[PDB]
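A short write-up of the structure that comes next.
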Amino acid sequence: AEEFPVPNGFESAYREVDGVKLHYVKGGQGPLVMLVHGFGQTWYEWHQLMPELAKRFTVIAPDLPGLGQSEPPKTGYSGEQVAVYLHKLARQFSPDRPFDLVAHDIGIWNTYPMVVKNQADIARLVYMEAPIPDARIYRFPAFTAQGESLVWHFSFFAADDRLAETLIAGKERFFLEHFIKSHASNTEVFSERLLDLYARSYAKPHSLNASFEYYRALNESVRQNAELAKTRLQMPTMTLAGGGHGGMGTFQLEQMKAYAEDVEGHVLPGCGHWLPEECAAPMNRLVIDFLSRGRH
Amino acid sequence: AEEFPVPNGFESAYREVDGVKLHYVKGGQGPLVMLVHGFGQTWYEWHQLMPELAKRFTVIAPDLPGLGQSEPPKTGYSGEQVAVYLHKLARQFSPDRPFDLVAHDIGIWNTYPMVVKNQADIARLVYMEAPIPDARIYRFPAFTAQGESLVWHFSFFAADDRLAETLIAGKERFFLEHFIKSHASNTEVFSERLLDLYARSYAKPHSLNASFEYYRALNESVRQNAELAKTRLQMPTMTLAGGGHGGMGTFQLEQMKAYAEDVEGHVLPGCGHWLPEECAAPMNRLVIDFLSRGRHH
Ligand SMILES: CCC(=O)Nc1cc(Cl)c(Oc2ccc(O)c(-c3ccc(NC(N)=O)cc3)c2)c(Cl)c1
Ligand SMILES: CCC(=O)Nc1cc(Cl)c(Oc2ccc(O)c(-c3ccc(NC(N)=O)cc3)c2)c(Cl)c1
């Protein structure tokens, strides 16, 4: 069974990595690019970008541990722990050559440690729409002069007593529509049909719980990254961020400059957090062009 | 049926104010003191202070509009709108002399504008455990190195789509326990019975909604307060804050110094946000002494 429609010419498969069965969708030929989704979503956010990339690359899009059709991690949900699964997965398909990485939202949290610890394995890097976990996150406001802030949910999701699961169970579809639209500029792309697909996936009890465990591990990931960040990333990197409602704006690039020697950033006007869906045409173009500067 | 037990010598009653039927509990003799509760609670949070205060004052503790047994406001939930109801209520009982005001939590939001606009009517002022709504609240962090912050609910409650009502309905008792205890140092004071009573009250559908409408009007209250604050408060003022887990610490006094010419403050070590229940004896003492420095029975 498949929670989301696989693009024509792609395969949906699973790979056991350190005792954890990871789901992925794969297609294309050439050097490997791994695309890693974020919260509220699955590999499917990449489905419009994938066929295009697959003309020039071998493309893999896994589900994060516990999310989509992937088993929960057995170690834990901190960025360093999860990154091990993603690194080993990628290296199964690219054992003797470096691969490209594109990551959105908590996909960043879950890949940053494997990038910094295995720099020679990463040819080119694209990060969009989430802070790398560090002390900067403790500066984001709980509340703004415009109303609900960007990251108040960090505390909601991290709260003890399974507060978030207890409140959200049974109302996953309602909550996700609010969460996604509140972080979007172009809300119109989130049709009821699309929201139904995403909500059905994260409503699996283990997936709802897994989603929040990433936030419950956030302070641990910050602590991990404080050590790792002592060495800057050396490979070509690009950041994207939305400039519209719900987007990270100039923060994405400004933070990355502290982490990378070689970085170019773009802020996409009229787009919020959900770049692949809100602004598919310019986002896809930026990613393809950036990755195509290397071998393909 | 009363939602909460009335202390001996007090009466539970109602007054219409601007077309809104307000509930209050009243007792004592002497100059008036009005005690205004906050979120998650009702007049009942004052039930331990009331009998002691009633020895020297006439004491009134209303339910905020939409909460407890009070009807919703007919105008709106912004601080300036809600304060009108509280001001006019107090004036019905103290038309000829100024009265004292004690407010906790969002009681502060709902009283500040009437205090600054009718300074002649306010003899002495006590504020505890809540910021006056102003730009300072936009600085509180969403998330901390220790985890769940104390202020993330500002956004949760202010959110549209009836986000909070929709998620909390059916789980009111569970949510309230988490909210109260996560802002407490002394969680033991919140018995199953006490939480049951508070949960049942705020779970009334118009009350659950009222609770969050206070937050949906918070930015408007901030905008209102920006203009009102051009005039400093001149009455004797005391701030109280908890110094333990969940408390506001030095913020209460430090914010108030920007608003008030004549202010003294205390931070209570070992106490969190819910001062009247977590730290009833010293809070009661400080309030009683501060108010008793003025004319009383
Ligand atoms: C330097 C001063 C400063 O900090 N300004 C400032 C204020 C706010 Cl309120 C703010 O909030 C935002 C804005 C856009 C976002 O996409 C997000 C955002 C990003 C990622 C996730 N993903 C996840 N899984 O929760 C969720 C939300 C948050 C930012 Cl970035 C900066
Ligand atoms: C060290 C420098 C500094 O400025 N620290 C600092 C940080 C924060 Cl985050 C902060 O805000 C707080 C702290 C504790 C609280 O219980 C609350 C609080 C207050 C009122 C309600 N009530 C309602 N109904 O929502 C609920 C919670 C707010 C203050 Cl005042 C100071």
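Identifiers in this document derive from the order of the structure tokens: chains are assigned A, B, ..., residues are numbered from 1 separately in each chain, and ligands are numbered from 1 in order of occurrence.
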> Which residues sit within 8 Å of ligand 2, counting only C-alpha atoms and all ligand atoms, listed as a PyMOL selection string?
Replying inline: chain B and resi 38-40+105-106+129-131+137+139-142+149-151+153-154+183+246-252+272-273
> Counting only C-alpha atoms, which residues of chain B come no farther than 10 Å from chain A, as a ChimeraX atom specification?
Replying inline: /B:134-135,137-164,166-172,174-175,178-179,182,215-220,222-223
>> When you look at stretch 255-261 of chain B with a cut-off of 7 Å (counting only C-alpha atoms), what residues show up, excluding the ones that are within fewer than 6 positions of it in the same chain? I need them as a ChimeraX atom specification.
In response: /B:229,232-234
Keeping only C-alpha atoms, take the residues you just selected and write them out as a tab-separated table (two decimals), in the first residue's frame.
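Contents of result-v2.tsv, as written:
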```
chain	number	residue	atom	x	y	z
B	229	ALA	CA	0.08	54.82	29.13
B	232	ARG	CA	1.21	57.66	34.55
B	233	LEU	CA	-0.65	56.07	37.47
B	234	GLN	CA	-0.56	58.27	40.58
```
> Could you pull the residues within 7 Å of residue B:68, counting only C-alpha atoms, minus those fewer than 2 positions along the same chain, as a PyMOL selection string?
Replying inline: chain B and resi 42+63+66+70+201-202
> Do you know which residues are at most 6 Å from stretch 21-30 of chain B counting only C-alpha atoms, after dropping those on the same chain fewer than 5 positions away, and could you put them as a ChimeraX atom specification?
Replying inline: /B:10-16,54,57-63,69-71,297
>> Excluding residue A:37 and its own-chain neighbours fewer than 6 positions away, which residues fall within 7 Å of it when counting only C-alpha atoms? Please give them as a PyMOL selection string.
In response: chain A and resi 43+45+103-105+107
Restricting the output to N, CA and C atoms, write the selected residues as a PDB file, in the first residue's frame.
```
ATOM      1  N   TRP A  43       7.702  12.224   2.049  1.00  0.00           N
ATOM      2  CA  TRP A  43       8.424  12.319   0.784  1.00  0.00           C
ATOM      3  C   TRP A  43       7.606  13.047  -0.289  1.00  0.00           C
ATOM      4  N   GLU A  45       6.062  15.763  -0.554  1.00  0.00           N
ATOM      5  CA  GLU A  45       6.207  17.193  -0.830  1.00  0.00           C
ATOM      6  C   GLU A  45       7.133  17.429  -2.033  1.00  0.00           C
ATOM      7  N   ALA A 103      17.077  19.545   1.864  1.00  0.00           N
ATOM      8  CA  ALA A 103      16.309  19.248   3.056  1.00  0.00           C
ATOM      9  C   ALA A 103      15.426  20.437   3.388  1.00  0.00           C
ATOM     10  N   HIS A 104      14.210  20.143   3.830  1.00  0.00           N
ATOM     11  CA  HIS A 104      13.213  21.163   4.158  1.00  0.00           C
ATOM     12  C   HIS A 104      12.804  20.990   5.620  1.00  0.00           C
ATOM     13  N   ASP A 105      12.692  22.094   6.356  1.00  0.00           N
ATOM     14  CA  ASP A 105      12.115  22.048   7.694  1.00  0.00           C
ATOM     15  C   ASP A 105      12.910  21.107   8.614  1.00  0.00           C
ATOM     16  N   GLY A 107      13.789  18.299   8.215  1.00  0.00           N
ATOM     17  CA  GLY A 107      14.775  17.598   7.405  1.00  0.00           C
ATOM     18  C   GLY A 107      16.167  18.168   7.631  1.00  0.00           C
TER      19      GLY A 107
END
```
>> So that I can check the secondary structure, give me every residue of stretch 75-281 of chain B assigned alpha helix (DSSP H) by backbone DSSP, as JSON, numbers by chain.
In response: {"B": [79, 80, 81, 82, 83, 84, 85, 86, 87, 88, 89, 90, 91, 92, 93, 106, 107, 108, 109, 112, 113, 114, 115, 116, 117, 153, 154, 155, 156, 157, 158, 163, 164, 165, 166, 167, 168, 172, 173, 174, 175, 176, 177, 178, 179, 180, 181, 182, 192, 193, 194, 195, 196, 197, 198, 199, 200, 201, 202, 205, 206, 207, 208, 209, 210, 211, 212, 213, 214, 215, 216, 218, 219, 220, 221, 222, 223, 224, 225, 226, 227, 228, 251, 252, 253, 254, 255, 256, 257, 258, 259, 275, 276, 277, 278, 280, 281]}
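Shortest atom-to-atom contact with ligand 1 among A:246, A:73, A:9, A:236: A:246, counting only C-alpha atoms and all ligand atoms.
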> From the list A:81, A:41, A:191, A:207, which residue is nearest ligand 1 when using only C-alpha atoms and all ligand atoms?
Replying inline: A:41
>> Calculated over only C-alpha atoms, which of the candidates B:101, B:253, B:20, B:86 has the smallest distance to residue B:291?
In response: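 The closest residue to residue B:291 is B:101.
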> Got a sec: who's within 12 Å of residue B:194, counting only C-alpha atoms, leaving out chain neighbours fewer than 4 positions off, as a VMD selection string?
Replying inline: chain B and resid 3 to 5 40 to 42 44 to 45 173 176 to 177 180 187 to 190 198 to 201 277
>> Quick check for you: according to DSSP on this backbone, which residues of stretch 58-282 of chain B are classed as strand (DSSP E or B)? Reply as a PyMOL selection string.
In response: chain B and resi 58-62+99-104+122-128+141+143-144+147-148+233+237-242+260+263-268
> Quick one: of A:185, A:292, A:237, A:284, who's nearest to ligand 1, counting only C-alpha atoms and all ligand atoms?
Replying inline: A:185
>> Between atom CA of residue A:131 and atom CA of residue A:34, what is the distance in Å, rounded to a tenth?
In response: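 Taking atom CA of residue A:131 and atom CA of residue A:34, their separation equals 19.5 Å.
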>> Measuring between only C-alpha atoms and all ligand atoms, which one of A:133, A:270, A:5, A:38 shows the shortest distance to ligand 1?
In response: A:38
